[PDB]
$ cat entry-v1.cif   # mmCIF, N, CA and C atoms and all ligand atoms
data_protein
loop_
_atom_site.label_atom_id
_atom_site.label_comp_id
_atom_site.auth_asym_id
_atom_site.auth_seq_id
_atom_site.Cartn_x
_atom_site.Cartn_y
_atom_site.Cartn_z
N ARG A 58 0.83 -1.23 0.00
CA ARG A 58 0.00 0.00 0.00
C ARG A 58 0.86 1.28 0.00
N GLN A 59 1.81 1.36 -0.94
CA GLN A 59 2.96 2.30 -0.82
C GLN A 59 2.58 3.77 -0.55
N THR A 60 3.24 4.35 0.46
CA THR A 60 2.97 5.72 0.97
C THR A 60 4.00 6.79 0.52
N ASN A 61 5.26 6.40 0.33
CA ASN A 61 6.23 7.19 -0.44
C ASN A 61 5.57 7.64 -1.77
N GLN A 62 4.89 6.71 -2.44
CA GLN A 62 4.28 6.94 -3.76
C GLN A 62 3.01 7.79 -3.73
N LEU A 63 2.08 7.42 -2.87
CA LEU A 63 0.89 8.25 -2.61
C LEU A 63 1.26 9.69 -2.25
N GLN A 64 2.26 9.86 -1.39
CA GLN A 64 2.78 11.19 -1.07
C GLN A 64 3.37 11.88 -2.31
N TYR A 65 4.16 11.14 -3.09
CA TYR A 65 4.70 11.64 -4.37
C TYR A 65 3.56 12.10 -5.28
N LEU A 66 2.53 11.26 -5.43
CA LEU A 66 1.39 11.60 -6.30
C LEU A 66 0.74 12.92 -5.94
N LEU A 67 0.65 13.21 -4.65
CA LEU A 67 0.01 14.42 -4.16
C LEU A 67 0.87 15.66 -4.35
N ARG A 68 2.09 15.57 -3.83
CA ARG A 68 3.00 16.70 -3.79
C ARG A 68 3.69 17.00 -5.09
N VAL A 69 3.88 16.00 -5.94
CA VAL A 69 4.61 16.16 -7.21
C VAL A 69 3.69 15.98 -8.44
N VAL A 70 3.04 14.82 -8.59
CA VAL A 70 2.27 14.56 -9.81
C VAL A 70 1.09 15.52 -9.89
N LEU A 71 0.24 15.49 -8.86
CA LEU A 71 -0.96 16.31 -8.82
C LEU A 71 -0.64 17.78 -8.81
N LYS A 72 0.36 18.16 -8.02
CA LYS A 72 0.79 19.56 -7.94
C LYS A 72 1.13 20.05 -9.36
N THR A 73 1.91 19.28 -10.12
CA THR A 73 2.36 19.71 -11.46
C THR A 73 1.23 19.84 -12.46
N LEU A 74 0.39 18.82 -12.51
CA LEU A 74 -0.78 18.82 -13.38
C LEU A 74 -1.74 19.95 -13.02
N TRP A 75 -1.94 20.16 -11.74
CA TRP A 75 -2.90 21.17 -11.28
C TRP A 75 -2.48 22.60 -11.70
N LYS A 76 -1.17 22.88 -11.69
CA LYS A 76 -0.60 24.17 -12.14
C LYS A 76 -0.67 24.39 -13.64
N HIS A 77 -0.95 23.35 -14.41
CA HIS A 77 -0.86 23.43 -15.85
C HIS A 77 -1.94 24.34 -16.39
N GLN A 78 -1.65 24.97 -17.52
CA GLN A 78 -2.58 25.95 -18.14
C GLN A 78 -3.88 25.32 -18.58
N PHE A 79 -3.83 24.01 -18.86
CA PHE A 79 -5.00 23.25 -19.31
C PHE A 79 -5.72 22.50 -18.19
N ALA A 80 -5.31 22.67 -16.94
CA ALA A 80 -5.90 21.92 -15.83
C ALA A 80 -7.34 22.30 -15.48
N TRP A 81 -7.72 23.55 -15.70
CA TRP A 81 -8.96 24.06 -15.12
C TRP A 81 -10.26 23.25 -15.43
N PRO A 82 -10.40 22.68 -16.65
CA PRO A 82 -11.65 21.93 -16.91
C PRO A 82 -11.66 20.55 -16.29
N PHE A 83 -10.55 20.15 -15.69
CA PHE A 83 -10.43 18.91 -14.97
C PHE A 83 -10.29 19.07 -13.45
N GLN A 84 -10.41 20.30 -12.93
CA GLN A 84 -10.23 20.53 -11.49
C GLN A 84 -11.49 20.27 -10.69
N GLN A 85 -12.59 20.01 -11.38
CA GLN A 85 -13.87 19.65 -10.76
C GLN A 85 -14.64 18.69 -11.69
N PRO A 86 -15.72 18.08 -11.18
CA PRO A 86 -16.50 17.21 -12.05
C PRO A 86 -17.15 17.94 -13.18
N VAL A 87 -17.46 17.18 -14.20
CA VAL A 87 -18.05 17.76 -15.38
C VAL A 87 -19.46 18.08 -14.95
N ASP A 88 -19.81 19.37 -14.89
CA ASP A 88 -21.20 19.76 -14.55
C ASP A 88 -22.05 19.64 -15.79
N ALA A 89 -22.67 18.47 -15.95
CA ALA A 89 -23.50 18.16 -17.14
C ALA A 89 -24.78 19.01 -17.26
N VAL A 90 -25.25 19.58 -16.15
CA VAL A 90 -26.37 20.53 -16.19
C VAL A 90 -25.91 21.90 -16.79
N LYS A 91 -24.93 22.56 -16.16
CA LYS A 91 -24.34 23.79 -16.72
C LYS A 91 -24.07 23.67 -18.20
N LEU A 92 -23.31 22.64 -18.56
CA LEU A 92 -22.85 22.44 -19.93
C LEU A 92 -23.90 21.83 -20.87
N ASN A 93 -25.05 21.42 -20.32
CA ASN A 93 -26.20 20.98 -21.11
C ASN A 93 -25.84 19.72 -21.95
N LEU A 94 -25.47 18.68 -21.19
CA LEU A 94 -25.03 17.37 -21.69
C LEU A 94 -25.84 16.28 -20.92
N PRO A 95 -27.08 16.00 -21.38
CA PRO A 95 -27.93 15.04 -20.62
C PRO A 95 -27.41 13.58 -20.61
N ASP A 96 -26.75 13.18 -21.70
CA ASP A 96 -26.18 11.84 -21.88
C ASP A 96 -24.85 11.53 -21.12
N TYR A 97 -24.10 12.56 -20.74
CA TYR A 97 -22.78 12.40 -20.10
C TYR A 97 -22.73 11.36 -18.99
N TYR A 98 -23.66 11.44 -18.05
CA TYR A 98 -23.58 10.57 -16.88
C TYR A 98 -24.10 9.16 -17.15
N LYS A 99 -24.75 8.95 -18.30
CA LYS A 99 -25.17 7.61 -18.74
C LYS A 99 -24.05 6.93 -19.52
N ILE A 100 -23.34 7.72 -20.33
CA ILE A 100 -22.16 7.26 -21.07
C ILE A 100 -20.93 7.03 -20.19
N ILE A 101 -20.65 7.97 -19.29
CA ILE A 101 -19.51 7.88 -18.41
C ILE A 101 -19.94 7.30 -17.06
N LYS A 102 -19.61 6.03 -16.88
CA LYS A 102 -20.11 5.27 -15.74
C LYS A 102 -19.28 5.55 -14.48
N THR A 103 -18.09 6.11 -14.64
CA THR A 103 -17.16 6.40 -13.54
C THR A 103 -16.53 7.76 -13.79
N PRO A 104 -17.24 8.83 -13.44
CA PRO A 104 -16.69 10.15 -13.68
C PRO A 104 -15.46 10.36 -12.82
N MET A 105 -14.54 11.18 -13.30
CA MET A 105 -13.35 11.47 -12.53
C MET A 105 -12.72 12.79 -12.97
N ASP A 106 -12.09 13.43 -11.99
CA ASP A 106 -11.44 14.72 -12.13
C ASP A 106 -10.38 14.87 -11.04
N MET A 107 -9.51 15.86 -11.19
CA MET A 107 -8.43 16.07 -10.23
C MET A 107 -8.94 16.63 -8.90
N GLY A 108 -10.09 17.30 -8.91
CA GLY A 108 -10.72 17.70 -7.67
C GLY A 108 -10.93 16.49 -6.78
N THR A 109 -11.54 15.47 -7.36
CA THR A 109 -11.84 14.26 -6.63
C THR A 109 -10.58 13.51 -6.25
N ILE A 110 -9.60 13.44 -7.15
CA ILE A 110 -8.35 12.74 -6.85
C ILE A 110 -7.65 13.40 -5.67
N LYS A 111 -7.57 14.73 -5.74
CA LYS A 111 -7.00 15.55 -4.66
C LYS A 111 -7.68 15.25 -3.33
N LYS A 112 -9.01 15.29 -3.32
CA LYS A 112 -9.76 14.98 -2.11
C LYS A 112 -9.36 13.60 -1.61
N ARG A 113 -9.34 12.63 -2.51
CA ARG A 113 -8.96 11.26 -2.17
C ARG A 113 -7.56 11.10 -1.58
N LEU A 114 -6.62 11.90 -2.05
CA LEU A 114 -5.26 11.86 -1.52
C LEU A 114 -5.19 12.55 -0.16
N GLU A 115 -5.90 13.67 -0.04
CA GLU A 115 -6.00 14.40 1.22
C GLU A 115 -6.83 13.70 2.33
N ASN A 116 -7.62 12.69 1.94
CA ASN A 116 -8.48 12.00 2.91
C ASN A 116 -8.36 10.50 2.96
N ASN A 117 -7.19 9.98 2.58
CA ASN A 117 -6.82 8.57 2.83
C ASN A 117 -7.79 7.58 2.19
N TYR A 118 -8.30 7.94 1.02
CA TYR A 118 -9.22 7.09 0.32
C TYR A 118 -8.48 5.91 -0.28
N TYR A 119 -7.36 6.18 -0.94
CA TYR A 119 -6.74 5.18 -1.78
C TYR A 119 -6.10 4.05 -0.98
N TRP A 120 -6.37 2.82 -1.41
CA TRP A 120 -5.67 1.62 -0.93
C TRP A 120 -4.19 1.68 -1.23
N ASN A 121 -3.83 2.16 -2.42
CA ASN A 121 -2.42 2.22 -2.86
C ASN A 121 -2.23 3.16 -4.07
N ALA A 122 -0.99 3.40 -4.44
CA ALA A 122 -0.71 4.24 -5.60
C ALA A 122 -1.37 3.79 -6.92
N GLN A 123 -1.50 2.49 -7.16
CA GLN A 123 -2.09 2.04 -8.43
C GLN A 123 -3.53 2.46 -8.53
N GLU A 124 -4.26 2.43 -7.42
CA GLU A 124 -5.68 2.81 -7.45
C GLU A 124 -5.90 4.28 -7.82
N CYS A 125 -5.00 5.13 -7.32
CA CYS A 125 -4.95 6.54 -7.67
C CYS A 125 -4.54 6.72 -9.13
N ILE A 126 -3.54 5.98 -9.59
CA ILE A 126 -3.14 6.09 -10.99
C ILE A 126 -4.28 5.70 -11.96
N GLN A 127 -5.06 4.69 -11.60
CA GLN A 127 -6.21 4.34 -12.41
C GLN A 127 -7.16 5.51 -12.58
N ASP A 128 -7.38 6.26 -11.49
CA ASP A 128 -8.28 7.42 -11.51
C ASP A 128 -7.76 8.50 -12.46
N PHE A 129 -6.48 8.84 -12.40
CA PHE A 129 -5.90 9.76 -13.39
C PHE A 129 -6.20 9.28 -14.79
N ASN A 130 -6.01 7.99 -15.03
CA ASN A 130 -6.24 7.43 -16.36
C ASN A 130 -7.71 7.44 -16.71
N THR A 131 -8.59 7.14 -15.74
CA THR A 131 -10.03 7.18 -15.98
C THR A 131 -10.46 8.58 -16.42
N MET A 132 -9.90 9.61 -15.78
CA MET A 132 -10.18 10.99 -16.17
C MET A 132 -9.85 11.25 -17.64
N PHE A 133 -8.68 10.78 -18.07
CA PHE A 133 -8.28 10.96 -19.45
C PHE A 133 -9.15 10.13 -20.41
N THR A 134 -9.34 8.85 -20.11
CA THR A 134 -10.13 7.98 -21.02
C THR A 134 -11.61 8.39 -21.02
N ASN A 135 -12.15 8.83 -19.87
CA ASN A 135 -13.49 9.43 -19.84
C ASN A 135 -13.58 10.55 -20.86
N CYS A 136 -12.58 11.42 -20.87
CA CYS A 136 -12.58 12.56 -21.78
C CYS A 136 -12.49 12.13 -23.25
N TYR A 137 -11.69 11.11 -23.55
CA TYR A 137 -11.56 10.62 -24.93
C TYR A 137 -12.79 9.84 -25.43
N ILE A 138 -13.47 9.17 -24.51
CA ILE A 138 -14.71 8.46 -24.82
C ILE A 138 -15.80 9.42 -25.26
N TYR A 139 -16.08 10.40 -24.40
CA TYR A 139 -17.24 11.26 -24.55
C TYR A 139 -17.10 12.25 -25.70
N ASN A 140 -15.89 12.73 -25.96
CA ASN A 140 -15.65 13.84 -26.89
C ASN A 140 -15.05 13.34 -28.19
N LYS A 141 -15.25 14.08 -29.29
CA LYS A 141 -14.70 13.70 -30.62
C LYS A 141 -13.20 14.04 -30.66
N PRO A 142 -12.39 13.24 -31.37
CA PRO A 142 -10.96 13.63 -31.45
C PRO A 142 -10.82 14.93 -32.20
N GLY A 143 -9.85 15.74 -31.82
CA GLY A 143 -9.71 17.05 -32.44
C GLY A 143 -10.30 18.11 -31.57
N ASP A 144 -11.43 17.83 -30.90
CA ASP A 144 -11.98 18.74 -29.88
C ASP A 144 -10.88 19.28 -28.97
N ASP A 145 -11.01 20.55 -28.60
CA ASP A 145 -10.02 21.25 -27.76
C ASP A 145 -9.79 20.54 -26.41
N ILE A 146 -10.89 20.15 -25.76
CA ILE A 146 -10.84 19.45 -24.47
C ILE A 146 -10.00 18.18 -24.55
N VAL A 147 -10.02 17.53 -25.72
CA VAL A 147 -9.17 16.37 -25.97
C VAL A 147 -7.69 16.73 -26.09
N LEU A 148 -7.38 17.80 -26.80
CA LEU A 148 -5.98 18.28 -26.90
C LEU A 148 -5.43 18.64 -25.53
N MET A 149 -6.30 19.26 -24.74
CA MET A 149 -5.97 19.60 -23.36
C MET A 149 -5.67 18.33 -22.54
N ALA A 150 -6.56 17.34 -22.60
CA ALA A 150 -6.34 16.09 -21.86
C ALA A 150 -5.08 15.40 -22.34
N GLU A 151 -4.82 15.47 -23.65
CA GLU A 151 -3.63 14.83 -24.23
C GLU A 151 -2.34 15.45 -23.66
N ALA A 152 -2.28 16.78 -23.58
CA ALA A 152 -1.12 17.47 -22.97
C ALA A 152 -0.92 17.08 -21.52
N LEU A 153 -2.04 17.03 -20.78
CA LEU A 153 -2.02 16.63 -19.38
C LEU A 153 -1.58 15.20 -19.24
N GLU A 154 -1.98 14.34 -20.17
CA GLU A 154 -1.54 12.95 -20.16
C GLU A 154 -0.01 12.78 -20.41
N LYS A 155 0.58 13.51 -21.37
CA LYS A 155 2.05 13.44 -21.60
C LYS A 155 2.75 13.67 -20.28
N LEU A 156 2.32 14.76 -19.66
CA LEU A 156 2.98 15.27 -18.50
C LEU A 156 2.83 14.30 -17.34
N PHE A 157 1.60 13.81 -17.16
CA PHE A 157 1.30 12.81 -16.13
C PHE A 157 2.25 11.61 -16.25
N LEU A 158 2.40 11.09 -17.47
CA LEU A 158 3.25 9.91 -17.72
C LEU A 158 4.73 10.20 -17.50
N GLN A 159 5.20 11.38 -17.92
CA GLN A 159 6.53 11.84 -17.55
C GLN A 159 6.73 11.73 -16.05
N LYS A 160 5.87 12.38 -15.29
CA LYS A 160 6.04 12.47 -13.85
C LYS A 160 5.93 11.11 -13.15
N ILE A 161 5.09 10.23 -13.69
CA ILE A 161 4.98 8.85 -13.23
C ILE A 161 6.29 8.06 -13.42
N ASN A 162 7.05 8.36 -14.47
CA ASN A 162 8.32 7.66 -14.73
C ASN A 162 9.42 7.94 -13.72
N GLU A 163 9.31 9.03 -12.97
CA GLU A 163 10.25 9.35 -11.89
C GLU A 163 9.67 9.02 -10.49
N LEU A 164 8.81 8.02 -10.42
CA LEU A 164 8.13 7.62 -9.18
C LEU A 164 9.09 6.79 -8.28
N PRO A 165 9.16 7.06 -6.96
CA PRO A 165 9.92 6.15 -6.04
C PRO A 165 9.23 4.78 -5.88
N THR A 166 9.95 3.68 -5.61
CA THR A 166 9.31 2.33 -5.64
C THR A 166 8.52 1.98 -4.36
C1 LIG A 201 -12.51 23.28 -22.31
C2 LIG A 201 -13.66 23.88 -22.82
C3 LIG A 201 -13.54 24.92 -23.75
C4 LIG A 201 -14.67 25.54 -24.28
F1 LIG A 201 -14.52 26.51 -25.15
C5 LIG A 201 -15.95 25.13 -23.89
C6 LIG A 201 -16.11 24.09 -22.97
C7 LIG A 201 -17.39 23.70 -22.59
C8 LIG A 201 -14.95 23.49 -22.44
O1 LIG A 201 -15.05 22.46 -21.55
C9 LIG A 201 -15.50 22.68 -20.28
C10 LIG A 201 -15.67 23.94 -19.69
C11 LIG A 201 -16.12 24.07 -18.39
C12 LIG A 201 -16.45 22.95 -17.62
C13 LIG A 201 -16.92 23.12 -16.26
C14 LIG A 201 -15.72 23.71 -15.49
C15 LIG A 201 -18.15 24.05 -16.15
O2 LIG A 201 -17.40 21.88 -15.60
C16 LIG A 201 -16.25 21.70 -18.22
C17 LIG A 201 -15.78 21.52 -19.54
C18 LIG A 201 -15.62 20.20 -20.03
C19 LIG A 201 -14.74 19.34 -19.36
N1 LIG A 201 -14.57 18.00 -19.78
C20 LIG A 201 -13.64 17.10 -19.07
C21 LIG A 201 -15.28 17.57 -20.83
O3 LIG A 201 -15.11 16.39 -21.19
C22 LIG A 201 -16.14 18.42 -21.47
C23 LIG A 201 -16.95 18.27 -22.52
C24 LIG A 201 -17.58 19.42 -22.76
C25 LIG A 201 -18.49 19.68 -23.73
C26 LIG A 201 -19.45 20.62 -23.73
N2 LIG A 201 -20.14 20.51 -24.87
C27 LIG A 201 -19.59 19.50 -25.55
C28 LIG A 201 -19.99 18.92 -26.96
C29 LIG A 201 -21.47 18.47 -27.02
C30 LIG A 201 -22.17 19.58 -27.72
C31 LIG A 201 -21.12 19.87 -28.83
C32 LIG A 201 -19.80 19.94 -28.10
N3 LIG A 201 -18.58 18.98 -24.86
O4 LIG A 201 -17.19 20.27 -21.89
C33 LIG A 201 -16.30 19.69 -21.06
#
$ encode --input "entry-v1.cif" --output "structure tokens"
Amino acid sequence: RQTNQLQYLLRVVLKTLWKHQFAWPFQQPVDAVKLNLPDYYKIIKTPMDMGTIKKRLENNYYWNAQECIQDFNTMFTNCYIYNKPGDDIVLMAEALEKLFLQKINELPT
């Protein structure tokens, strides 16, 4: 249930992604009412965002680092599922994904 890693995810991975210029549409859940997307919550069975991941790291939700990494990935794949390729939100998620994977490669064991 590695804690060096969970701590790394919070202070380094999440911190870096959260500062990114493209982070803002992923810092909270997709408000399907505001954005007028009635199908979103039927299509996306496991919504995810960095708001929720942050809360989970700050409140001892995660069993281990892999469970948290799945959530980061779910956020990205949720975005690629729902939206057409080429859409701006997809380019944004793609940039965030490069960076996420970079930072994951320097993870302590
Ligand atoms: C990044 C971006 C740029 C824009 F010019 C317009 C939007 C809506 C936009 O996305 C969002 C803006 C605000 C919010 C808030 C903060 C209110 O929850 C969310 C999004 C947004 C985030 N994520 C992860 C998404 O997957 C989608 C998807 C959409 C979206 C809204 N309308 C669409 C489609 C369906 C109608 C034709 C375009 N997709 O908006 C978001």
$ residues_near_ligand --input "entry-v1.cif" --ligand "ligand LIG 201 (chain A)" --cutoff "7 Å" --atoms "only C-alpha atoms and all ligand atoms" --output "ChimeraX atom specification"
/A:81-83,85-88,91-92,94,136,139-140,145-146
$ closest_residue --input "entry-v1.cif" --among "A:110, A:90, A:100, A:164" --to "residue 132 in chain A" --atoms "only C-alpha atoms"
A:110
$ select_by_dssp --input "entry-v1.cif" --residues "range 87-149 of chain A" --states "alpha helix (DSSP H)" --output "PyMOL selection string"
chain A and resi 97-100+107-115+122-139+145-149
$ atom_distance --input "entry-v1.cif" --atom1 "atom C of residue 141 in chain A" --atom2 "atom C of residue 129 in chain A"
18.0 Å
